[PDB]
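Report on the following structure.
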Amino acid sequence: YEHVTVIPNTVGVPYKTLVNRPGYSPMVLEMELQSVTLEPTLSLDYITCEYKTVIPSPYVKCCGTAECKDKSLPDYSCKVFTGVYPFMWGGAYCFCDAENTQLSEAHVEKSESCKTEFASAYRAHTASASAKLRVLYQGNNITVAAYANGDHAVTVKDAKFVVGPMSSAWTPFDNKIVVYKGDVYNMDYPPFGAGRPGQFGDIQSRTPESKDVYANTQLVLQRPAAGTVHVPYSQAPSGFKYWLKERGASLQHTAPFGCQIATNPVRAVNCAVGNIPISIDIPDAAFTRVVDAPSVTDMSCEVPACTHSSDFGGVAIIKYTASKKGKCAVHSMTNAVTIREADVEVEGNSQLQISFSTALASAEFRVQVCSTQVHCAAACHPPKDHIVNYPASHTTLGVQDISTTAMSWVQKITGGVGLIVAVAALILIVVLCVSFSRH
Amino acid sequence: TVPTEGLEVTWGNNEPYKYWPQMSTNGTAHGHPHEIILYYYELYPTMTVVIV
Ligand SMILES: *[C@@H]1O[C@H](CO)[C@@H](O)[C@H](O)[C@H]1NC(C)=O
Ligand SMILES: *[C@@H]1O[C@H](CO)[C@@H](O)[C@H](O)[C@H]1NC(C)=O
Ligand SMILES: *[C@@H]1O[C@H](CO)[C@@H](O)[C@H](O)[C@H]1NC(C)=O
């Protein structure tokens, strides 16, 4: 026997469904879900980190001319200066007082620290989904886990469950993301080979194990100071250090729909969007014929109290006479009222109690116990508590859901105006007809 | 202020708080006509004015 239902994607709220087949006793199931996870697919473009500058000892040639050649190293620079006269602690270094030169050079390499402190840029693609579900079945609590699509089934106590697919394709991630030690940011990083001297991406590498490094920092050599041996230079500061101090809030705090983020692997959980279909397959051996089940023949209903608050603020008493000892299922026949109990124990001639919640100002509903029905009605009052720490257990109301007193007043006013229009119309018709015919 | 969908608040290194509104009125859905209008106005201000 196949059964299909749809449950909204609301974590922490139980729902109930009724399954029956003619000739056999009905069953009521209760379901509640605990977690939903989405997982994207990632691809790596490049990583960034800090840079190091290497400067060897300078070469000084007095009363001769120095020269240098080009090299293939990144950001290589070379210059020759004239007119130097260096000193040391013991006196002037070389005999010649004129026509001296100095040679300076430098280049840029990748820092050793890049093995621990780095950031990576990813491209995102279509995500998968999974869910964890709790089921109350025949008085026992069981748990299942499955993929949120039609390609997986789980069997527990000789019953099969299939979940999914999801009704919505909304995903909190953009096409370009950046990940750093647990934080995920949305950022349109520049393409490889097109960096800027003082921004994110000034140094780029394909992978921590690569030898080929790109950089576009500024590096200019300057003239040395009189009497001093040194190599002054001007260089733009590292962009990576600046980003860390100005990066702002991550998606964990700004994302909509209450989503939460994890990074190992990248995931998003508990996003309150859409609904999830479920299909169940129950074997024939689980059903009992109505000739063996107990029956109830005479019932009536009274409702001594109702407050239409977010919690179970209603109570009802039902009278019954039962044919023999056994159990019955209880289910509501309306959408505006939810009943907490799943089953009852019945014996002899007695009464049972149930509780319910509703948003209606005036409530009418039917209740079914062991395949027979009663009618209940009552008026409800408002609560006085402004704020609570939990979501409501009931649905919203529509435009037609108004009190009986309001409806009565509407009919009286509309009828009065309609009557006066009809009378005026009748007067005109007789006058117009007679004048036509009299001529 | 607390909207219908609820508010989330975090302070320091502690855990977040969550709040939801609940219905409350000073009027009533039963009795005199002018008391009925107040009941609905306090719950759905925009729709009440337009319909009337
Ligand atoms: C721990 O160190 C390894 C390399 O030494 C690095 O790959 C990893 O990201 C570090 N873990 C954390 C949490 O910083
Ligand atoms: C386990 O089943 C009992 C009824 O037998 C129920 O009261 C209880 O809430 C269930 N456990 C959970 C975690 O809901
Ligand atoms: C109702 O009247 C009380 C009087 O104390 C006031 O505090 C409250 O704001 C009024 N409105 C509601 C919705 O309770």
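Each chain in the structure tokens gets a letter, A, B, ..., in the order shown, and its residues are numbered from 1; ligands are numbered from 1 in order too.
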Test item: residues no farther than 9 Å from ligand 1, counting only C-alpha atoms and all ligand atoms, as a PyMOL selection string: chain A and resi 115-118+181-182
Serialized selection, N, CA and C atoms, as a short mmCIF file (atom, residue, chain, number, x, y, z; two decimals), in the first residue's frame:
```
data_model
loop_
_atom_site.label_atom_id
_atom_site.label_comp_id
_atom_site.auth_asym_id
_atom_site.auth_seq_id
_atom_site.Cartn_x
_atom_site.Cartn_y
_atom_site.Cartn_z
N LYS A 115 52.80 28.44 4.10
CA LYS A 115 52.30 27.10 4.40
C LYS A 115 51.24 27.09 5.49
N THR A 116 51.17 28.12 6.32
CA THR A 116 50.19 28.16 7.41
C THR A 116 49.17 29.28 7.28
N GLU A 117 49.58 30.46 6.83
CA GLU A 117 48.70 31.63 6.75
C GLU A 117 48.44 31.96 5.28
N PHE A 118 47.25 31.60 4.79
CA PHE A 118 46.92 31.82 3.39
C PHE A 118 45.41 31.85 3.22
N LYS A 181 39.96 30.27 7.34
CA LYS A 181 39.87 29.78 8.72
C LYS A 181 38.45 29.85 9.29
N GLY A 182 37.48 29.31 8.55
CA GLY A 182 36.13 29.23 9.05
C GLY A 182 35.18 30.31 8.58
#
```
Up to 10 Å from chain A, what residues of chain B turn up? Count only C-alpha atoms and give them as a VMD selection string. chain B and resid 2 5 to 6 8 10 17 to 33 36 to 37 40
Write the residues you've just listed into a file as a PDB file, in the first residue's frame, and include C-alpha atoms for each of them.
```pdb
ATOM      1  CA  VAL B   2      10.102  42.659  16.792  1.00  0.00           C
ATOM      2  CA  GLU B   5       9.155  36.719  11.455  1.00  0.00           C
ATOM      3  CA  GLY B   6      11.113  37.253  14.685  1.00  0.00           C
ATOM      4  CA  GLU B   8      17.835  37.472  16.454  1.00  0.00           C
ATOM      5  CA  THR B  10      23.857  38.542  19.695  1.00  0.00           C
ATOM      6  CA  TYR B  17      18.692  35.089  21.554  1.00  0.00           C
ATOM      7  CA  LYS B  18      15.437  34.616  19.634  1.00  0.00           C
ATOM      8  CA  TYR B  19      12.067  36.336  20.131  1.00  0.00           C
ATOM      9  CA  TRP B  20       8.654  35.929  18.490  1.00  0.00           C
ATOM     10  CA  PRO B  21       5.524  38.079  18.825  1.00  0.00           C
ATOM     11  CA  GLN B  22       2.200  36.897  20.200  1.00  0.00           C
ATOM     12  CA  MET B  23      -1.314  38.209  19.593  1.00  0.00           C
ATOM     13  CA  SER B  24      -2.854  40.635  22.081  1.00  0.00           C
ATOM     14  CA  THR B  25      -5.788  43.052  21.889  1.00  0.00           C
ATOM     15  CA  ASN B  26      -7.795  45.356  24.137  1.00  0.00           C
ATOM     16  CA  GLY B  27     -11.040  45.005  22.169  1.00  0.00           C
ATOM     17  CA  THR B  28     -13.318  42.058  21.551  1.00  0.00           C
ATOM     18  CA  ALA B  29     -14.821  40.114  18.650  1.00  0.00           C
ATOM     19  CA  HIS B  30     -18.191  39.877  20.436  1.00  0.00           C
ATOM     20  CA  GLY B  31     -20.656  42.571  21.426  1.00  0.00           C
ATOM     21  CA  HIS B  32     -21.117  46.125  20.204  1.00  0.00           C
ATOM     22  CA  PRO B  33     -20.144  47.069  16.613  1.00  0.00           C
ATOM     23  CA  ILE B  36     -15.436  44.720  16.912  1.00  0.00           C
ATOM     24  CA  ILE B  37     -13.688  47.239  14.636  1.00  0.00           C
ATOM     25  CA  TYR B  40      -9.395  43.696  14.009  1.00  0.00           C
TER      26      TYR B  40
END
```
Going by DSSP on the backbone, which residues of chain B come out as helix (DSSP H, G or I)? List them as a ChimeraX atom specification. /B:33-41,45-51
Could you save those same residues with C-alpha atoms as an mmCIF file, in the first residue's frame?
```cif
data_model
loop_
_atom_site.group_PDB
_atom_site.id
_atom_site.type_symbol
_atom_site.label_atom_id
_atom_site.label_comp_id
_atom_site.auth_asym_id
_atom_site.auth_seq_id
_atom_site.Cartn_x
_atom_site.Cartn_y
_atom_site.Cartn_z
ATOM 1 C CA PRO B 33 -20.144 47.069 16.613
ATOM 2 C CA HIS B 34 -17.524 49.689 17.539
ATOM 3 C CA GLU B 35 -15.666 47.229 19.784
ATOM 4 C CA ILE B 36 -15.436 44.720 16.912
ATOM 5 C CA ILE B 37 -13.688 47.239 14.636
ATOM 6 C CA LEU B 38 -11.031 47.902 17.289
ATOM 7 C CA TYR B 39 -10.314 44.167 17.678
ATOM 8 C CA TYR B 40 -9.395 43.696 14.009
ATOM 9 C CA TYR B 41 -7.650 47.063 13.555
ATOM 10 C CA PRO B 45 -4.055 47.813 10.505
ATOM 11 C CA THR B 46 -3.532 48.158 6.738
ATOM 12 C CA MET B 47 -6.298 45.828 5.520
ATOM 13 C CA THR B 48 -8.886 47.133 8.006
ATOM 14 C CA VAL B 49 -8.689 50.729 6.750
ATOM 15 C CA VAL B 50 -8.756 49.827 3.041
ATOM 16 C CA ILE B 51 -11.744 47.462 3.258
#
```
With only C-alpha atoms and all ligand atoms as the atoms that count, which of A:170, A:233, A:243, A:137 lies nearest to ligand 2?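 Using only C-alpha atoms and all ligand atoms, ligand 2 sits closest to A:137.
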Protein and nucleic residues near ligand 2, 8 Å, only C-alpha atoms and all ligand atoms, as number ranges by chain: A: 136, 139-141
Deliver the residues from the most recent selection as a file, using N, CA, C and O atoms, as a PDB file, in the first residue's frame.
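part-v2.pdb written:
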```pdb
ATOM      1  N   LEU A 136       7.524   8.434  14.521  1.00  0.00           N
ATOM      2  CA  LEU A 136       6.853   7.667  15.567  1.00  0.00           C
ATOM      3  C   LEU A 136       5.975   6.627  14.884  1.00  0.00           C
ATOM      4  O   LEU A 136       4.985   6.973  14.230  1.00  0.00           O
ATOM      5  N   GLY A 139       4.127   3.191  18.223  1.00  0.00           N
ATOM      6  CA  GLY A 139       4.510   3.437  19.599  1.00  0.00           C
ATOM      7  C   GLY A 139       5.996   3.421  19.875  1.00  0.00           C
ATOM      8  O   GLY A 139       6.391   3.456  21.046  1.00  0.00           O
ATOM      9  N   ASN A 140       6.831   3.366  18.842  1.00  0.00           N
ATOM     10  CA  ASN A 140       8.280   3.328  18.984  1.00  0.00           C
ATOM     11  C   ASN A 140       8.902   4.496  18.233  1.00  0.00           C
ATOM     12  O   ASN A 140       8.411   4.892  17.171  1.00  0.00           O
ATOM     13  N   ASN A 141       9.981   5.049  18.784  1.00  0.00           N
ATOM     14  CA  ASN A 141      10.715   6.120  18.122  1.00  0.00           C
ATOM     15  C   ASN A 141      11.835   5.514  17.285  1.00  0.00           C
ATOM     16  O   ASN A 141      12.701   4.808  17.815  1.00  0.00           O
TER      17      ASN A 141
END
```
Identify, with DSSP run on backbone atoms, the residues in chain B assigned to strand (DSSP E or B), and express the list as a PDB file with C-alpha atoms, in the first residue's frame.
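part33.pdb written:
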```
ATOM      1  CA  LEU B   7      14.379  38.896  15.710  1.00  0.00           C
ATOM      2  CA  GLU B   8      17.835  37.472  16.454  1.00  0.00           C
ATOM      3  CA  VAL B   9      20.226  39.283  18.811  1.00  0.00           C
ATOM      4  CA  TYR B  17      18.692  35.089  21.554  1.00  0.00           C
ATOM      5  CA  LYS B  18      15.437  34.616  19.634  1.00  0.00           C
ATOM      6  CA  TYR B  19      12.067  36.336  20.131  1.00  0.00           C
ATOM      7  CA  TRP B  20       8.654  35.929  18.490  1.00  0.00           C
ATOM      8  CA  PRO B  21       5.524  38.079  18.825  1.00  0.00           C
TER       9      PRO B  21
END
```
Leaving out residue 142 (chain A) and any residue of its chain fewer than 4 positions from it, which residues lie within 12 Å of it when counting only C-alpha atoms, given as a PDB file with N, CA and C atoms, in the first residue's frame?
```pdb
ATOM      1  N   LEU A  29       0.335   8.348  11.693  1.00  0.00           N
ATOM      2  CA  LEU A  29       1.778   8.500  11.819  1.00  0.00           C
ATOM      3  C   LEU A  29       2.130   9.934  12.200  1.00  0.00           C
ATOM      4  N   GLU A  30       3.234  10.091  12.930  1.00  0.00           N
ATOM      5  CA  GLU A  30       3.741  11.404  13.316  1.00  0.00           C
ATOM      6  C   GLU A  30       5.203  11.529  12.910  1.00  0.00           C
ATOM      7  N   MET A  31       5.543  12.634  12.245  1.00  0.00           N
ATOM      8  CA  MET A  31       6.877  12.852  11.700  1.00  0.00           C
ATOM      9  C   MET A  31       7.428  14.199  12.148  1.00  0.00           C
ATOM     10  N   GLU A  32       8.733  14.240  12.410  1.00  0.00           N
ATOM     11  CA  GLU A  32       9.427  15.476  12.741  1.00  0.00           C
ATOM     12  C   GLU A  32      10.864  15.378  12.250  1.00  0.00           C
ATOM     13  N   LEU A  33      11.365  16.464  11.667  1.00  0.00           N
ATOM     14  CA  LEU A  33      12.692  16.492  11.066  1.00  0.00           C
ATOM     15  C   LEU A  33      13.632  17.352  11.900  1.00  0.00           C
ATOM     16  N   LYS A 132      17.779  14.456   7.886  1.00  0.00           N
ATOM     17  CA  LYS A 132      17.598  13.487   8.961  1.00  0.00           C
ATOM     18  C   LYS A 132      16.192  13.622   9.537  1.00  0.00           C
ATOM     19  N   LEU A 133      15.513  12.490   9.732  1.00  0.00           N
ATOM     20  CA  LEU A 133      14.090  12.464  10.050  1.00  0.00           C
ATOM     21  C   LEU A 133      13.820  11.543  11.233  1.00  0.00           C
ATOM     22  N   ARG A 134      12.905  11.958  12.109  1.00  0.00           N
ATOM     23  CA  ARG A 134      12.384  11.107  13.171  1.00  0.00           C
ATOM     24  C   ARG A 134      10.943  10.717  12.865  1.00  0.00           C
ATOM     25  N   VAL A 135      10.597   9.464  13.157  1.00  0.00           N
ATOM     26  CA  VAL A 135       9.266   8.926  12.904  1.00  0.00           C
ATOM     27  C   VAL A 135       8.781   8.199  14.150  1.00  0.00           C
ATOM     28  N   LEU A 136       7.524   8.434  14.521  1.00  0.00           N
ATOM     29  CA  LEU A 136       6.853   7.667  15.567  1.00  0.00           C
ATOM     30  C   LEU A 136       5.975   6.627  14.884  1.00  0.00           C
ATOM     31  N   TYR A 137       6.330   5.354  15.041  1.00  0.00           N
ATOM     32  CA  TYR A 137       5.675   4.265  14.327  1.00  0.00           C
ATOM     33  C   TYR A 137       5.323   3.168  15.319  1.00  0.00           C
ATOM     34  N   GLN A 138       4.026   2.880  15.446  1.00  0.00           N
ATOM     35  CA  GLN A 138       3.522   1.813  16.314  1.00  0.00           C
ATOM     36  C   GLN A 138       4.039   1.951  17.745  1.00  0.00           C
ATOM     37  N   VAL A 154      15.399   3.798   2.483  1.00  0.00           N
ATOM     38  CA  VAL A 154      15.804   3.256   3.775  1.00  0.00           C
ATOM     39  C   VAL A 154      14.678   2.373   4.293  1.00  0.00           C
ATOM     40  N   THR A 155      15.029   1.190   4.788  1.00  0.00           N
ATOM     41  CA  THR A 155      14.052   0.237   5.300  1.00  0.00           C
ATOM     42  C   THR A 155      14.246   0.089   6.803  1.00  0.00           C
ATOM     43  N   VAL A 156      13.191   0.373   7.563  1.00  0.00           N
ATOM     44  CA  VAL A 156      13.177   0.213   9.012  1.00  0.00           C
ATOM     45  C   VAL A 156      11.884  -0.487   9.399  1.00  0.00           C
ATOM     46  N   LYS A 157      12.006  -1.593  10.135  1.00  0.00           N
ATOM     47  CA  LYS A 157      10.857  -2.392  10.565  1.00  0.00           C
ATOM     48  C   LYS A 157       9.960  -2.768   9.387  1.00  0.00           C
ATOM     49  N   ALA A 159       9.399  -1.302   6.604  1.00  0.00           N
ATOM     50  CA  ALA A 159       8.775  -0.206   5.876  1.00  0.00           C
ATOM     51  C   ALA A 159       9.831   0.594   5.127  1.00  0.00           C
TER      52      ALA A 159
END
```
At what distance in Å, to one decimal, does atom 6 (C, counted along the ligand's line) of ligand 3 lie from CA of residue 43 (chain B)?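 That distance, rounded to one decimal, is 14.6 Å.
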Take CA of residue 355 (chain A) and CA of residue 397 (chain A) and report the distance between them in Å, one decimal. 20.1 Å
